[PDB]
Amino acid sequence: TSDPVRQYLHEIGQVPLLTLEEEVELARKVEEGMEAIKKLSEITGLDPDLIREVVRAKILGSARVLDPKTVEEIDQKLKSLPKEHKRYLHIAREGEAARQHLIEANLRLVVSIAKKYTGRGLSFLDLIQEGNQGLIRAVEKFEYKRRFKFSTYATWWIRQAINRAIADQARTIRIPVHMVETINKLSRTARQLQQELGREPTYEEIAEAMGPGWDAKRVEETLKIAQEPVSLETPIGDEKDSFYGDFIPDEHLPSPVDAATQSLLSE
Amino acid sequence: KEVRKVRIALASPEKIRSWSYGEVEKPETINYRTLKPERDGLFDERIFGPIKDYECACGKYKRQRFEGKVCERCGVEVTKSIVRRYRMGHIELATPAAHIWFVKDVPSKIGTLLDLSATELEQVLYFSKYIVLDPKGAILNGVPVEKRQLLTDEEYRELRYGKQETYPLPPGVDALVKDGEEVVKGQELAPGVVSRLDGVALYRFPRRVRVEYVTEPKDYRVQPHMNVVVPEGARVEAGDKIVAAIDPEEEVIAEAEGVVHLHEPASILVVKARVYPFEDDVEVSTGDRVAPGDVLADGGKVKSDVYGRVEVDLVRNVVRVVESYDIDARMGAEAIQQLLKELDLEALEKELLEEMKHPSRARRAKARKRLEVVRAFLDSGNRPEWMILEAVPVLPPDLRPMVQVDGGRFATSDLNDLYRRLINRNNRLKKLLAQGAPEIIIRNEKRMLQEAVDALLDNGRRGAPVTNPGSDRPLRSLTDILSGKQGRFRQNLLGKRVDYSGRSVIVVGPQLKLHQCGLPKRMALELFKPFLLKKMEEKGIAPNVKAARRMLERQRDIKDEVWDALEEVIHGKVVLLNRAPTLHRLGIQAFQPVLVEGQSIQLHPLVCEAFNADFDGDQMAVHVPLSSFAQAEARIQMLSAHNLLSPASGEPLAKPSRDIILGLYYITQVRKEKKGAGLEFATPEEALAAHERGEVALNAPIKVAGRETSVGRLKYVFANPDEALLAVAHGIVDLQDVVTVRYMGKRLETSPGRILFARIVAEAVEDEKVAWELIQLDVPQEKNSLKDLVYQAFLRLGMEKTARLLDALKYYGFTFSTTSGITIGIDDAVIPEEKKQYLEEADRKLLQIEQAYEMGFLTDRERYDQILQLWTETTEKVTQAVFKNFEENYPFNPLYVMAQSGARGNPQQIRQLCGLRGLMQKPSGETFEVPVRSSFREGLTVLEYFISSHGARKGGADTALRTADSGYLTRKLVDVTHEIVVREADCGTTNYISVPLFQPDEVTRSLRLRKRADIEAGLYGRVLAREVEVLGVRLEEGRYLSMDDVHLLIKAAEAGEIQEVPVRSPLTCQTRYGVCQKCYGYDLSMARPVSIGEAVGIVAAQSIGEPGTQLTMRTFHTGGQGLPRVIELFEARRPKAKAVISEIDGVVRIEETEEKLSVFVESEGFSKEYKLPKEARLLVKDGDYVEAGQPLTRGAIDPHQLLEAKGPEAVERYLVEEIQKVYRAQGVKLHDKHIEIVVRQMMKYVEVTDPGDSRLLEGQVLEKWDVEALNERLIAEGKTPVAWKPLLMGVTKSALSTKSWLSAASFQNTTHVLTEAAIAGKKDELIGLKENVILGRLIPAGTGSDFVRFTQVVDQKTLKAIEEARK
Amino acid sequence: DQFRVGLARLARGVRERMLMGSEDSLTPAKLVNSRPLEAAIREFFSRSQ
DNA sequence: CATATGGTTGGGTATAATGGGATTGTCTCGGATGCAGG
DNA sequence: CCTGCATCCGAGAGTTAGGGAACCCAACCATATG
Ligand SMILES: Nc1ccn([C@@H]2O[C@H](COP(=O)(O)CP(=O)(O)OP(=O)(O)O)[C@@H](O)[C@H]2O)c(=O)n1
Ligand SMILES: [Mg+2]
Ligand SMILES: [Mg+2]
Ligand SMILES: [Mg+2]
Ligand SMILES: [Mg+2]
Ligand SMILES: [Zn+2]
Ligand SMILES: [Zn+2]
């Protein structure tokens, strides 16, 4: 009942894995469905994204909630094309189904990859969901003609999605991706120079070890901007009665003395 | 306009969206470079307002005069920055989410409305099972499916799509069946494969292909990376391709004309579906759902026969319809909201009303409970679908601040992290929906969003609480903010930190008057600083207030004249002194401050008892009432000199203690000598001569001429008190010698000390006759005598003269205690000789009991019990011996005098100091076999010390752990009684209670007159309900019973003239939300009728709660059913040692077997039986008579059973008597009025048994006053009245069931109270004190009462001028 | 006990480094990250009741 | 008003990889509830 | 069908004080300066 990790693991485990034949077939169907959909778009003259969306909506069925009017009208127009063209529509349907089946079958690789990123500011389920997004990207961009296995191309995209999500959402005050990478490089360099030096290095050492364009003031500013905020509800003392925010005075509102001074000054 | 009511109700998505000033679209808080809020973030100035006053973000508009100007370049309105703590935002959820308050508060509102269990609701809301919204003629396992049915994922899919199975085939093994042929269950598809479901079988990835040639065959191998194009059993032509491959050279082109066959399938897919070949364009595409008789292909030549889903396989030019349905089953908050919108409340209400006619009681109760929610929704106007959240409100940023500490670091609230998680998950869900992700991923994301909303609203309720990484601390949700001891209500609304306050250590102030306190100069300067600035401006110390403040800032810049200005500032004003814990109202008192040097507050000795204060490090707080009203209230109502009697018992509370009692007792005691010892003298001259010769002591009780006297009374005869005191000053006689003095026209044989005490009282009260009447001259002055004197002086003269007398007594008691020569030495703990004997006799008898064990006459229990009893009696005898020795040999011993005067000490402690320590308890609770035979003067051994340490530790633990149950009880009583005030002079009732004067004997022998103290506590100050004639004295109706009246009634009762007293009580008052003056009686702190406007509920709660904190079962001494029983009584708890009572009347017949026992109560109509364990003890005998409601065994009576059997008044009497027994056992005096108030609140509600022609439901609990008014209305219109029975509920359940949702929410069970009030749309009318305190209003009590607060005052000149103007 | 907790965390980091890297070019210095051990010691000596 | 610089943000990597990590010394009390008997 | 009977879960448990873990590459709006 509880513990959503167990529920998600069971739901992924209810889908059997794939062999080479099934994987290659699914990749072929997705690719030919994309080719067929662009062929339909060329024949009808409409936007490819819209026909992709209507085909996907008609496949997903009523169960999944552009309104039904446009989807029905364009579908019926699509079901009006003469022969040798509607075949493309059928191939597009099969390709979309193949894409869904491929993602559903390869979801477990996402969990396997994401299970090694815990303790970095994101919960387990968030890492899995971002890995799923990366898996969707890899499925969409995968090219089977190279005879390579799908997981080899999928792992890179899954890792990219997980890393981007960690860089984007792990901090209360958002720091841009390049600055986050700079902080990580600073930390790595400082750690290596700590181990080597047998003591914590001073800022000049880190500045020298980063390379040209780095001085001690820049290192200090970078470590200052890397500070994370503390909680106003941090417990102080053993008893459950004192919080950190209880010791912070308000400096915005004017004090009674200040207001009286202003009123007397106005008078 | 004034605020009079506060309403709480459910919020619609439209209401929430109208609250918001904009939607928060991003989880960003502030920029990492500039520390300004990010656009569309949690701190955006466009949504919540500008950070600076009257200034937009980009600085275009940086001045005022532009109120309401929305910057074109930034979008920031120009207004006060304070709006950042008022303006809300909102988050638009991609999918609806359920408000956890209405899901997890048992019983669930959503579950109760839709008849869904908690497990079923949990399963649906968190995406574990589906719920059907439209069956669409679906069949599951042969049974049609109905609405509101739960399907598992397997059942749902199997029904939505169908059945299929894939069986793999190892290489080299062929399939016995052909592609596209029906296969029945059990039909073997391979030598090691057996199918399970019916339907067509389909080859998957055939390994090899046989292509003939017009004939002769040929084989082609198919690798995994290549597919087959030609359908099974189809001829092929030259140049056509068969096995399409990745490589153009690897493609297989048919050389000649030949048929094609496919063998060695990698797997077989058996599906349950229909087949339909076609030869031209088809009409329905893959993924389409069809019905029977629908067009498939060939322009309608082929038609569908079953419900299912269509796949048009172009390889074999065939449409396959898998048997499925269009069922509309959904999961989650979307489905729950759909069910909620479809609900029609009126029809459901009608179904439940018909359901209320069933003979079953449980079913009827369920229908009533469901109807409660249905009717609450119908009356309030709230829509049920509003319990599902669509737009999440966002708290203003200034209440979830992100502030920079002085060192440049940042501190933030957990709400920011919760909102960030919610926004991130919502955005990811929206992104995933826009990408057409599979349903498993979407289901996971929707579950995560629901959990995020649950954590934001109430973290730590379902599942593991959300914590920040690197810590185990749960994040603090809004529910945590509202509720608890650290929550908003209890920490910031019912109690606050205040200005103009200080604290310091306290020191005794013996030279102070009763109304004065010593305040440090620096503390006073800081406390009265604005007044000092005004006075300094008035004088010439400073030109203006600013310069004065700068002067007072620096210590070295302070001069002499500012102190005189301060002395002028405080003239006539009072301050409030408070010592924690404040157990009763006397924990805060008003005093006139005298400015002193040093840093200690000086406290009057006579208020220390009221404060429970001493001088070993205690600290007290000081507060300054500011306005004229506050000063008048402090000077008139809470001044120390105006509060001399206890509000709980009416006894004096400011009274002599410790040194004062010691000094007065020392001067009022008389010497006794044994030199003469009753000798005989014929003439006084012989006695005088004998005394001069040295044979007779001065104060020896001799007999001369047949009368007892002493040589002192004949030798020394004084004309007046002045002569006796002059002789004392000359050393002729001592204050303790008995002489004869002429005073008040009489010749008194008394000591000069008693005459001096008489002169002290007379000079303090400035009246000789009344003072002579008040004092008891012929007794030593101790605690009780002084208390009686203070009370009598109060009654006869007034508080002002009483305060003067108290001060005089304090001064003279201290003076005479200083010079008395009271000291403690090691020899002052006199050891009696008899103890030695007492010990040897025991060492003798013990041996005998051991002989009693060597011959088998005694068992373990008998020997242990006998040893314990022996040592107990030895300890008692030693105590008596010690005190007899003190009384006979050393009548002035310091310990004896201290205990006898009531100054300090009790007999047990003296016994431990002098006689022996006694038996000790093991940690298991059993006594040891050897006692501690050493006193503290002789010194204990190591083993005895360790043995006593167990009891010492047990006492310490008991104190620390129980004080919180007593505090809890006090809080519960305040919450249940806070609304009761004296609201009128007379309610007009003719009902009353009868106070009894006799009690049944413990052996049922006869009635014995009750103890005087108990009768006093039950009778003093009450209003007589009926006229009384006793001892030729007529007590008229409406007479407040004074102490003399109570004594007269007791004396009349002792003569058999009266047995009971009829009086008014709060139990029978009819005033709404309070009592009346007559039904309450005397204000016990003033000994005069209570004033209208008094908050008597708070006084009652404090009076009950104060003694239990300390004096209940204070330091415990480990030397040889208290509070729990009171808590059990106030909560209407059923006892675990419950007794058995006689429901009816009848005769007793005991039926005894050797294995079982029973008691038959045989009436004239019926005879019932009671089976009880054989070991029990019976209070009745065979052939006895018992009335209804009488007990049949020993033990506590169940109050609910008594209510059912005997009625309401019997339960009120039982509750009052049983609560008073516990307090009497500890020696605490508390008048019955307070307990009666609490019991009246306990017995407030009724339960409907028959609704009659009303809208009420059977079993619906409601207030007795409301149902009485409704019945009166019913009678006026002339219908059938509602039938009800009284209910009894504990204090907690009564307090949580009140009408006011604010007080109940601030008391306890905050989430439940708030959810129920929001569902019902309850309006708080602000009747009680808690609500007005929460809103910061004037409480409707005391000076804020409507009876007194509209009073006007005018002088005669203005009044006559106004009269002339009227004329 | 706190040292053992830190050492277990260090061992986990060593395993991840072993797998994610290159078996041919590996040294003890590259495998061991000592930050968890120092963090555990600091927490014990600064935050333990 | 018109650019020119850094800061910011979106896109990409191809042997193969396929279900996670903690759990522990209170005590009572009251209502909801599933299970057993008659 | 009713009823009672263990069974489970949820909500309580005094005041004041003081205390404190990849890297790279290229396009694109934002802001700064004249
Ligand atoms: N946890 C605690 C501990 C103490 N207190 C308060 O501090 C006092 C210390 O008294 P104490 O223990 O020194 C005995 P005292 O009252 O002076 O009595 P005696 O003269 O008869 O010996 C208690 O009586 C309470 O008012 C509290 O509120 N919570
Ligand atoms: Mg505190
Ligand atoms: Mg004391
Ligand atoms: Mg003290
Ligand atoms: Mg004489
Ligand atoms: Zn602006
Ligand atoms: Zn009344």
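Atom set for the values below is all heavy atoms of this structure, side chains included, hydrogens, waters and symmetry mates excluded. Labels below follow one simple rule: chain letters A, B, ... track the order of the sequence lines, proteins then strands, and each chain is numbered from 1.
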Nucleotide by nucleotide, nucleotides 30-38 of chain D touches protein heavy atoms under 4.0 Å in the pattern (B base, S sugar-phosphate only, - none) S--------
Interatomic distance where CZ belongs to B:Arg462 and P belongs to E:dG10 [whole Å]: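 These atoms are roughly 12 Å apart.
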Considering just the side-chain nitrogens and oxygens of [X], establish if one lies under 4.0 Å of OP1 or OP2 belonging to [N].
X	N	value
B:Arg497	E:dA17	yes
B:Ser360	E:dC2	yes
A:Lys115	D:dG20	yes
B:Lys485	E:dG14	yes

Are B:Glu122 and B:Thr119 close enough that a side-chain donor and a side-chain acceptor fall under 3.5 Å?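 On atom types as modelled, these side chains do not qualify, holding no pair under 3.5 Å.
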For A:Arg164 and A:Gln169, does a side-chain donor sit closer than 3.5 Å to a side-chain acceptor?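 No.
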Given the rule that a pair is Watson-Crick or G-U wobble with both distances under 3.5 Å, how would you write DNA chain D in dot-bracket, using | for pairs to a different strand? |||||.|||||||............|||||||||||||
Could one point to a donor on the side chain of [X] or the base of [N] with an acceptor on the other under 3.5 Å away?
X	N	result
B:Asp105	E:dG10	no
A:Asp246	E:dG19	no
A:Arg137	D:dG11	no

Please classify the nucleic acid contact of [X] as base, sugar-phosphate, or nothing, using heavy-atom distances under 4.0 Å.
X	answer
A:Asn163	base
A:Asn184	sugar-phosphate
B:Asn612	nothing
A:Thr118	nothing
B:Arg962	nothing
A:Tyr153	base

Using the benzene-type ring in the case of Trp, are the ring centres of A:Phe150 and A:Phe142 under 6.0 Å apart?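 Yes, the ring of A:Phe150 comes within the 6.0 Å limit of the ring of A:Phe142, centre to centre.
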Please determine, for the side chain of A:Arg188, which listed nucleotide (E:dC23, D:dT13, D:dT18) has the closest atom?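 Selected nucleotide (nearest to the side chain): E:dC23.
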Of the options E:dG20, E:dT15, D:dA17, whose atoms approach the side-chain atoms of B:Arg490 most closely?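 Nearest to the side chain of B:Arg490 among the choices is E:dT15.
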With rounding to the nearest 0.5 angstrom, report the CG to OH distance, A:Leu102 to A:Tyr144.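 Here the rounded value is 12.5 Å.
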If you pin A:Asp241 and C:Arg17 to their nearest nucleotides in DNA chain E, which one's is more 5'?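 Looking at the nearest nucleotide for each, A:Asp241 comes out on the 5' side.
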Taking for each residue the nucleotide of DNA chain E bearing the nearest heavy atom, is the 5' side occupied by A:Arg120 or by B:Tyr968?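 The answer here is B:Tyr968.
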Check the chi torsion on E:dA21 and let me know: syn if it falls within 90° of 0, anti if not.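 Syn.
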Distance between the P atoms of E:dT16 and D:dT23, in whole angstroms?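 Rounded to whole Å, the distance is 35 Å.
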Pick the P atom in D:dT8 and in E:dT31, then give their distance to the nearest Å.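 Rounded to whole Å, the distance is 11 Å.
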Might you list the N or O atoms of the protein lying below 3.5 Å from N or O atoms in nucleotides 7-10 of chain D, with each pair's distance?
| residue | atom | partner | partner atom | Å |
| --- | --- | --- | --- | --- |
| D:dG7 | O3' | B:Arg33 | NH2 | 2.7 |
| D:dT8 | OP1 | B:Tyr32 | OH | 3.4 |
| D:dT8 | OP1 | B:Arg33 | NH2 | 2.8 |
| D:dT8 | OP2 | A:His178 | NE2 | 3.0 |
| D:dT8 | OP2 | B:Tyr32 | OH | 2.9 |
| D:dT9 | OP1 | A:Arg174 | NH2 | 2.9 |
| D:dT9 | OP2 | A:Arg174 | NH1 | 3.2 |

If you measure from the ring centre of A:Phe148 to the centre of the six-membered ring in the base of D:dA14, is it under 5.5 Å, with the planes under 30° apart?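 Taking the rule of under 5.5 Å and under 30°, the ring of A:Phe148 does not stack on D:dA14.
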Cation-aromatic face contact B:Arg971/B:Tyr968, 6.0 Å, 45 degrees: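 Pair B:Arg971/B:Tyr968 does not count as cation-pi.
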Decide yes or no on side chain to side chain donor-acceptor pair (under 3.5 Å) for A:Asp241 and B:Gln486, but give the supporting numbers first. CA-CA 7 Å; A:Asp241 66 306; B:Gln486 310 304 319; over 6 Å; no
For B:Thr1292 and B:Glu1131, run side chain to side chain donor-acceptor pair (under 3.5 Å): C-alpha distance rounded to whole Å, both residues' side-chain angles, the deciding distance at 0.1 Å, then the answer. CA-CA 7 Å; B:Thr1292 294; B:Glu1131 294 275 15; 3.0 Å; yes
